[PDB]
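So the sequence shown is numbered by the entry's author numbering: it starts at 1 and just counts up by one. Where is the CB? At the ideal position from N, CA and C, for every residue including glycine.
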Amino acid sequence: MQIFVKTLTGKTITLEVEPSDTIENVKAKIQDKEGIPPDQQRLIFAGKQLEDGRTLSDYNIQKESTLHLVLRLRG
C-alpha cells in the first residue's frame, strides 16, 4: 500500500507501507529515503500528530492517503 507524505515546501513523497506498520516504522522509511533522523520528524494526519508506537491502521490511514511531515529540532 502506498501513502503520500507532503512537506511544507510542497515536495510530496510516496512510501510503501502496511496498515500494521507503526508510525516509527514510517519515520524509519523516511529516514531510509530522505536522510532525516526520525526524532526530527513530526507526522500529522487528520490534524493530529501521530504517535510513534501506533499503527497506520489505528489512525484509519488508507491506500493513497496523505500524511504531512513537518521537520523539527529536538525540544
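Span of the beta strand (DSSP E) around residue i
| i | result |
| --- | --- |
| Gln31 | No beta strand (DSSP E) contains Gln31, which is instead part of the alpha helix (DSSP H) from 23-34. |
| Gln2 | 2-6 |
| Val70 | 66-71 |
Residue i classed as buried or exposed, judged by whether at least 16 other C-beta atoms fall within 10 angstroms
| i | result |
| --- | --- |
| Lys33 | exposed |
| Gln2 | exposed |
| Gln49 | exposed |
| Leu71 | exposed |
| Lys27 | buried |
Beta-bridge pairing of residue i - partner residues as DSSP gives them
| i | result |
| --- | --- |
| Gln49 | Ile44 |
| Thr14 | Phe4 |
| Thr55 | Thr22 |
Same chain only: Cβ atoms within 8 Å of residue i, ignoring 5 sequence neighbours per side
| i | result |
| --- | --- |
| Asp39 | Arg74 |
| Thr14 | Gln2, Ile3, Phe4, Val5 |
is_contact[residue i, chain D] using C-beta, thresh 7 Å
| i | result |
| --- | --- |
| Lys27 | Given the protein chain composition of this structure (a single chain), no chain D is represented. |
Own chain, CB closer than 6 Å to residue i, minus 5 neighbours either side, in chain order
| i | result |
| --- | --- |
| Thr7 | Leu69 |
| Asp52 | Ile23, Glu24 |
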